[PDB]
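Trainee:
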Amino acid sequence: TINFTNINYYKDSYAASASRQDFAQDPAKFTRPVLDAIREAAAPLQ
Amino acid sequence: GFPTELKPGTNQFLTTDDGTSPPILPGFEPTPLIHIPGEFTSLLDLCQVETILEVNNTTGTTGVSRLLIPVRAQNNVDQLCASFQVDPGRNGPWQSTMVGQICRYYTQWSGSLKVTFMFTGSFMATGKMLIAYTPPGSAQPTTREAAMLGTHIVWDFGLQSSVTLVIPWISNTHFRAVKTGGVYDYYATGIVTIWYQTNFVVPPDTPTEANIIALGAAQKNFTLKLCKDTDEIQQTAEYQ
Amino acid sequence: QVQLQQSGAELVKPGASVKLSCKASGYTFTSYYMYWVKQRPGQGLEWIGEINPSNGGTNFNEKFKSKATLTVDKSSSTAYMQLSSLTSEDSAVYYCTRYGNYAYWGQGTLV
Amino acid sequence: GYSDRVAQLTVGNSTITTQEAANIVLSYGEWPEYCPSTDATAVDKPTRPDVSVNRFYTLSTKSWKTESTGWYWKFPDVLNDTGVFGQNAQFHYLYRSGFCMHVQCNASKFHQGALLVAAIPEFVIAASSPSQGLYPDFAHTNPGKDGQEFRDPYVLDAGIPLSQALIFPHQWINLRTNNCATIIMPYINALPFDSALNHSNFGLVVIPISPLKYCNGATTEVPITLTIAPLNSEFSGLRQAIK
Amino acid sequence: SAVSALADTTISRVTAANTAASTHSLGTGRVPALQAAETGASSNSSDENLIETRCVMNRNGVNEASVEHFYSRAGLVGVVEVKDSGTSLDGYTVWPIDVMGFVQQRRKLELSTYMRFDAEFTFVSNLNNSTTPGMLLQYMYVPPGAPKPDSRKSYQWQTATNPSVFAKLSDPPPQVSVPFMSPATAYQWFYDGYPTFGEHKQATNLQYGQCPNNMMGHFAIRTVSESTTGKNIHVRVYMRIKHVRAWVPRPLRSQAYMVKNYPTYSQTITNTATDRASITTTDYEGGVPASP
Amino acid sequence: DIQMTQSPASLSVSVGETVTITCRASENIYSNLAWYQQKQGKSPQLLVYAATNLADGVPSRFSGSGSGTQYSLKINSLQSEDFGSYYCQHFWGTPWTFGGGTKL
Ligand SMILES: CCCCCCCCCCCCCCCCCC(=O)O
Numbered sequence: 006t007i008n009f010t011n012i013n014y015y016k017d018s019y020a021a022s023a024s025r026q027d028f029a030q031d032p033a034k035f036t037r038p039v040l041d042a043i044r045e046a047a048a049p050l051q
Numbered sequence: 012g013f014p015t016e017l018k019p020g021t022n023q024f025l026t027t028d029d030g031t032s033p034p035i036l037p038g039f040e041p042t043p044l045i046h047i048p049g050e051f052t053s054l055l056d057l058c059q060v061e062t063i064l065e066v067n068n069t070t071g072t073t074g075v076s077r078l079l080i081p082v083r084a085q086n087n088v089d090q091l092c093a094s095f096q097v098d099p100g101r102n103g104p105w106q107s108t109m110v111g112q113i114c115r116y117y118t119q120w121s122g123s124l125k126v127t128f129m130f131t132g133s134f135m136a137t138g139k140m141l142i143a144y145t146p147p148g149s150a151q152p153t154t155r156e157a158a159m160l161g162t163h164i165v166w167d168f169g170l171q172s173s174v175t176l177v178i179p180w181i182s183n184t185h186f187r188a189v190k191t192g193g194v195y196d197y198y199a200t201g202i203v204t205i206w207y208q209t210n211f212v213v214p215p216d217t218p219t220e221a222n223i224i225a226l227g228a229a230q231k232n233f234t235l236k237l238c239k240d241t242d243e244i245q246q247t248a249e250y251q
Numbered sequence: 103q104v105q106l107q108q109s110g111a112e113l114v115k116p117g118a119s120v121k122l123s124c125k126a127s128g129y130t131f132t133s134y135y136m137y138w139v140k141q142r143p144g145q146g147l148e149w150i151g152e153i154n155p156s157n158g159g160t161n162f163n164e165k166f167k168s169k170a171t172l173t174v175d176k177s178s179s180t181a182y183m184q185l186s187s188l189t190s191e192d193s194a195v196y197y198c199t200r201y202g203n204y205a206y207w208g209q210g211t212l213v
Numbered sequence: 018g019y020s021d022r023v024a025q026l027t028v029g030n031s032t033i034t035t036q037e038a039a040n041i042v043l044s045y046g047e048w049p050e051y052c053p054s055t056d057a058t059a060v061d062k063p064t065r066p067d068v069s070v071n072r073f074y075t076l077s078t079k080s081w082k083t084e085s086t087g088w089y090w091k092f093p094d095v096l097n098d099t100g101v102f103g104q105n106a107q108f109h110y111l112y113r114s115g116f117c118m119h120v121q122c123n124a125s126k127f128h129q130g131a132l133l134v135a136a137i138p139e140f141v142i143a144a145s146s147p148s149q150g151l152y153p154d155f156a157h158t159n160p161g162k163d164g165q166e167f168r169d170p171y172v173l174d175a176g177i178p179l180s181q182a183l184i185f186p187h188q189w190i191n192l193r194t195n196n197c198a199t200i201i202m203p204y205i206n207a208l209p210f211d212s213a214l215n216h217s218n219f220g221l222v223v224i225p226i227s228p229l230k231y232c233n234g235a236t237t238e239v240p241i242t243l244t245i246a247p248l249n250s251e252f253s254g255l256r257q258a259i260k
Numbered sequence: 414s415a416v417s418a419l420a421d422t423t424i425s426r427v428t429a430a431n432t433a434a435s436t437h438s439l440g441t442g443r444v445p446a447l448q449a450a451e452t453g454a455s456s457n458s459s460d461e462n463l464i465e466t467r468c469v470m471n472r473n474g475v476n477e478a479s480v481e482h483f484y485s486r487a488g489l490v491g492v493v494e495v496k497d498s499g500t501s502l503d504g505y506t507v508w509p510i511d512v513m514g515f516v517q518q519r520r521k522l523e524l525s526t527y528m529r530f531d532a533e534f535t536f537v538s539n540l541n542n543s544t545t546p547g548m549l550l551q552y553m554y555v556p557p558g559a560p561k562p563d564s565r566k567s568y569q570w571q572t573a574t575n576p577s578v579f580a581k582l583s584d585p586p587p588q589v590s591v592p593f594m595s596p597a598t599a600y601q602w603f604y605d606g607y608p609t610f611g612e613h614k615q616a617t618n619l620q621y622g623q624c625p626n627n628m629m630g631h632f633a634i635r636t637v638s639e640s641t642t643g644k645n646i647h648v649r650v651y652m653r654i655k656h657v658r659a660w661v662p663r664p665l666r667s668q669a670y671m672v673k674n675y676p677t678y679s680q681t682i683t684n685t686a687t688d689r690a691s692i693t694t695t696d697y698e699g700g701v702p703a704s705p
Numbered sequence: 513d514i515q516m517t518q519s520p521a522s523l524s525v526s527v528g529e530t531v532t533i534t535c536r537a538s539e540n541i542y543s544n545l546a547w548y549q550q551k552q553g554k555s556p557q558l559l560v561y562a563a564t565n566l567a568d569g570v571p572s573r574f575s576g577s578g579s580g581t582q583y584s585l586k587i588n589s590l591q592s593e594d595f596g597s598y599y600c601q602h603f604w605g606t607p608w609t610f611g612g613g614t615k616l
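Protein chains in written order, with my numbering: chain A, 6 to 51; chain B, 12 to 251; chain C, 103 to 213; chain D, 18 to 260; chain E, 414 to 705; chain F, 513 to 616.
(1) As a quick exercise: from B:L54, B:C58 and B:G49, pick the residue whose alpha carbon is nearest that of E:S455.
(2) CB B:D167 to CB D:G234, shorter than 8 Å?
(3) Suppose contacts are defined by Cβ-Cβ distances below 8 Å. Is D:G115 in contact with D:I201 by that definition?
(4) Residue 272 of chain B touches chain C at which residues, Cβ-Cβ below 7 Å?
(5) What is the C-beta distance between B:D98 and B:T191, in whole angstroms, given that I count them as a contact (C-beta under 8 Å)?
(6) Does at least one heavy atom of ligand 1 sit under 7 Å from the Cβ of E:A487?
(7) Is A:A20 near ligand 1, with its Cβ less than 7 Å from a heavy atom?
(8) On the DSSP bridge assignment, give the partners of E:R529 in chain order.
(9) For a contact meaning CB atoms closer than 7 Å, what does E:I424 contact in chain A?
(10) Give, in chain order, every residue of the stretch 567-591 of chain F whose Cβ lies closer than 9 Å to some Cβ of chain C.
(11) So, with DSSP's three-state summary, where would you put E:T423?
(12) Measuring straight from C-alpha to C-alpha, what distance separates F:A563 and E:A703?
(13) Taking C:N163 as the query, report the chain E residues whose CB atoms sit under 9 Å from its CB, ordered along the chain.
(14) What does A:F35 touch in chain B if you count any residue whose Cβ is under 9 Å from its own?
(15) What residues in the stretch 91-125 of chain D have a beta carbon less than 8 Å from any beta carbon of chain E?
(16) Does B:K236 come out as helix, strand or coil in the three-state DSSP assignment?
(17) Could you tell me which residues DSSP pairs with residue 87 of chain C in its beta bridges?
(18) Listing by chain order, which chain A residues have their CB less than 8 Å from the CB of E:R443?
(19) Using a beta-carbon distance below 8 Å, is C:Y201 in contact with chain B?
(20) Just to confirm the assignment, what range does the beta strand (DSSP E) spanning F:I533 have?
(21) Could you list which residues in chain E have their beta carbon closer than 7 Å to that of C:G128, in chain order?
(22) Against chain C, which members of the stretch 533-556 of chain F pass a CB distance test of less than 7 Å?
(23) Which stretch, first to last residue, makes up the alpha helix (DSSP H) that contains E:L522?
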């Protein structure tokens with residue numbers, strides 16, 4: 006119910022707990038790191 | 012003196028406890044954060060990067076040759092080229108993959124997998140391969156006629172040298188334990204067998220054996236659960 | 103095909119050493135371990151040891167550690183076995199075996 | 018939605034043509050850029066010798082053989098003694114730049130083999146120990162314009178598996194499919210600028226995964242040519258030239 | 414007010430990708446399965462285009478695979494032995510802070526090339542027999558350049574400016590927060606270079622890869638004593654990385670580590686995949702076939 | 513060291529019968545077994561690799577089966593040239609223990 010968490014008790018921001026509320030996902034910089042976008046249905050090299 | 016009462020778990024050091032802790036350096040401002048290319052925020056984004064399967068993980072084979080699936084002109088029809096299981100946390104070809112090594116940091120996994128087979132023969136080398144994924148229950152198919160009863164792709168060699176075998180998420184449970192073997196073969200994903208649909212046909216003066224390079228990765232629906240310690244590297248003494 | 107051409111027959115006086123050759127052909131030499139098997143006539147086959155033609159890593163049996171030294175000539179695609187401290191129990195036929203996915207054997211060497 | 022097989026890379030007075038390309042890789046999705054004032058630390062005005070340093074330098078040709086294990090270069094090192102780049106990299110303490118790495122290996126439609134061409138940021142080279150033999154020598158860490166044959170391509174001479182080197186910006190040269198590999202790499206470092214002599218930002222590996230096989234009568238000498246072009250080369254900290 | 418912030422503090426589940434229902438596709442020019450791995454791009458083929466899929470409203474959570482959740486776990490980064498018995502009657506130890514001495518933390522960290530994180534260091538200190546008598550210890554962070562103690566009594570222990578934690582062995586483990594301390598904008602587990610200029614022609618190229626940006630100093634630990642206690646104290650240091658940014662993912666190490674600050678493997682290269690009998694051998698018996 | 517234990521040390525059957533050799537093991541060798549047929553005078557000829565894969569040129573009369581600890585080589589329709597000594601050989605780990613031998 007009530008969530009009394011993620012409270013920083015110190016004047017320094019790095020004393021706070023882990024940042025576990027900003028989950029991001031961007032696999033394209035590893036999976037599709039190519040200048041030409043290749044449609045899935047398309048034959049890649051034409 | 013605000014009345015409090017210490018509960019069980021006081022003084023314990025749980026290693027996975029995200030709590031506050033007193034800063035050693037008051038007023039410390041770290042070095043400014045600049046942009047560095049290549050920031051990853053999820054290990055799932057890394058599991059979706061196709062990495063080579065060590066399908067030739069056979070006794071005797073050494074080095075980069077363990078990464079190659081030999082494919083040659085056959086004298087018979089409907090012969091087995093290669094087979095491997097598709098349990099990403101099992102000892103075998105998937106150990107050489109980023110997905111199979113990030114899986115081993117987790118207890119349970121879920122999602123479709125994907126093997127991208129690239130043919131590395133001559134331009135003049137033609138062939139057709141049946142790559143079958145056999146769901147659980149059946150051992151490695153003994154014939155191609157038995158393998159084609161499962162999820163399979165017929166791969167025609169051509170100008171597009173690569174093909175994707177999407178291993179679909181066919182499971183009874185929402186997640187599969189990365190651990191396999193014993194009773195944990197309840198979570199066996201299945202077997203992938205590569206068959207000669209037609210022959211490996213080359214013209215004269217053309218190499219008769221070539222290599223398929225398999226590339227294992229995860230799909231967009233891949234998921235990992237219950238962070239655990241990996242069994243990859245061991246240690247007997249501190250490193251210096 | 104994958105042919106392993108071993109050296110010719112050998113007749114060496116006791117208390118010496120002979121260098122047996124194994125000229126591999128038909129495959130990448132640095133891609134498969136080379137194994138040596140000893141067979142005294144009438145007796146069975148005995149495994150001597152292995153050698154990786156990429157780093158010289160050799161793993162012998164507990165009965166051939168101080169009796170067999172394995173080298174490799176990666177440029178010549180040839181493996182070698184120089185049996186030290188020759189005796190009578192070391193006079194046998196010797197093969198060089200590559201396994202990979204199919205155990206390829208040589209022809210043998212009478213020693 | 019296709020990738021055209023023909024491509025022309027033009028930077029400076031250099032122009033590279035290919036008719037069997039395989040969709041140039043933009044490393045980590047980020048083009049090379051100059052250092053933003055927000056991320057800059059040094060206060061001297063950087064020199065930007067645009068066309069005299071940002072250009073394709075063809076630097077080394079390695080003969081691909083059946084037993085070849087692979088070669089690696091270090092991007093700043095492979096150019097530290099070449100052209101106006103090397104001179105700017107010697108006269109200046111600070112340097113930052115991206116690169117367009119174009120590896121060229123052409124062979125007939127009767128040759129076969131695949132090369133893994135990867136750009137490895139912070140490619141620390143390992144020493145294989147059976148102490149002096151615990152650390153690699155400078156020839157192996159900074160091979161220069163010539164590059165270094167891989168001792169153990171399986172572990173990338175770094176203890177890390179080659180099969181996972183595809184986590185780095187990579188292309189393949191599969192002889193049946195393409196004769197070139199193009200990786201555009203931005204400047205990756207924990208620092209906005211760094212020494213072009215002390216630090217190698219990226220390794221440039223070309224490892225044969227599928228070995229070069231041909232038949233009798235085919236051209237036996239199949240060369241692999243490395244052509245790299247700095248992109249957005251900045252140099253600061255002008256002083257006496259250091260090699 | 415701030416009650417809105419406190420309400421939105423629980424980890425909200427982010428779900429994996431749904432599967433859309435697919436049908437048979439009989440036609441030309443639509444090849445979702447033909448790829449080009451030479452492009453360096455992974456396959457964009459979806460299961461909805463290789464097979465006939467059902468619609469799955471996937472409710473599997475993908476949060477635990479975050480870099481934060483992967484790394485925000487305390488692991489052993491240091492074992493310090495405060496020797497005060499036998500030949501080593503020191504009662505103090507100055508420990509070079511390096512998180513690369515133990516396999517579990519080191520391998521997880523080297524997944525990344527650059528990491529920028531704060532840390533929560535915990536010190537688990539006890540005797541040989543696991544007991545924790547009341548023994549005042551001093552845990553002084555000695556940043557690079559600060560005078561290191563040369564005795565249990567030396568003036569450096571006055572910790573006028575250095576951060577010192579005083580705790581008894583009987584107390585719960587001392588735990589502190591360490592910020593991102595580095596002249597760089599990220600720690601660098603792999604530094605392809607040398608810290609200094611020169612010819613680099615030494616027989617022991619010991620300085621290759623040694624970035625002083627990661628060298629964060631020494632933890633100087635002592636028992637607050639006046640003479641030899643006669644007891645050796647084993648301090649174990651656990652780092653919990655937090656507020657973590659990771660860059661340039663790398664292959665997870667496949668070879669057993671040999672030394673702390675260098676990638677260096679044995680000539681006996683272990684295969685990253687365990688061996689099997691042949692390329693057609695699988696370890697799965699399965700059920701009895703109905704009609705072989 | 514995973515040692516071997518070949519059950520039938522000798523056998524003599526007629527042309528047409530079916531002999532089945534057995535090759536146990538100390539521990540699970542994971543199908544890393546190779547059966548050889550060595551008639552005294554010639555070189556050891558590989559018959560079945562990986563405990564199931566029939567070698568090239570070997571007649572379909574031969575068949576290898578087994579998994580884990582126990583393995584069996586069967587010679588159905590025992591023709592004339594099927595005599596000699598039959599050795600199993602594990603290639604799992606360090607020792608590479610061959611079989612005792614089977615005279616047939
Ligand atoms: C008051 C007691 C505090 C203890 C001191 C803690 C200071 C921690 C140092 C910072 C930790 C992260 C940096 C790790 C970098 C070292 C890696 C390496 O090069 O091997």
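Note that the Cβ used here is the ideal one computed from N, Cα and C, for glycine as well.
Mentor: Reading off the structure:
(1) B:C58
(2) no
(3) yes
(4) Because chain B spans 12 through 251 in this model, residue 272 of chain B falls outside it and cannot be assessed.
(5) 5 Å
(6) no
(7) no
(8) E:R658
(9) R25 and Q26
(10) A567 and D568
(11) coil
(12) 24 Å
(13) Those do not exist, as C:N163 stays about 17 Å from chain E at its closest Cβ, beyond 9 Å.
(14) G49, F51, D56, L57, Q59 and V60
(15) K91
(16) strand
(17) The structure shown does not extend to residue 87 of chain C, since chain C is modelled only from 103 through 213, so no value can be given for it.
(18) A46
(19) yes
(20) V531 to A537
(21) Within chain E, no residue comes near C:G128; the closest Cβ sits about 18 Å away, beyond 7 Å.
(22) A546, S555 and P556
(23) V516 to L522
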